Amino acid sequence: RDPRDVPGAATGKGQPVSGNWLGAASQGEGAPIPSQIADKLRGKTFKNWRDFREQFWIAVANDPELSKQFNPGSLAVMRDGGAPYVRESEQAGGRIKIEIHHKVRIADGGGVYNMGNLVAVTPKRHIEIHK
């Protein structure tokens, strides 16, 4: 399996975000985890990475502020645990959904479910970094 696909508990702090959170996903380092989401998840345990991802997008879709930034189509996906689809301009082939990347590699000491180690990125932006 991947290094992130491991049991753990969410910890750490997110960052305050704006009215267009995922606008940051396509540039620089990615979009930070919103402080409200880091809070909602704090202390929860996950059996594996797909469990975390599912709880993360459900939390987004239930948040009164962030859910305003997503249309009904997207929320229908997120309520079910799925990541939203990115804009066509941010798709990179077969990858068409927002991805969560670790800023510090787990092999280099990074926290798997530390919210300060996570960013949301589009596929196009991820590949700009790693190809």
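For every residue, the number given is its place in the sequence shown, counted from 1.
Mean CA B-factor, 113-121 versus 21-29: the higher value falls on 21-29. For the pair 83-91 and 39-47, the record assigns the higher mean C-alpha temperature factor to 39-47. Per-chain ranking of the deposited C-alpha B factor places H101 in the highest third. Per-chain ranking of the deposited C-alpha B factor places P72 in the middle third.
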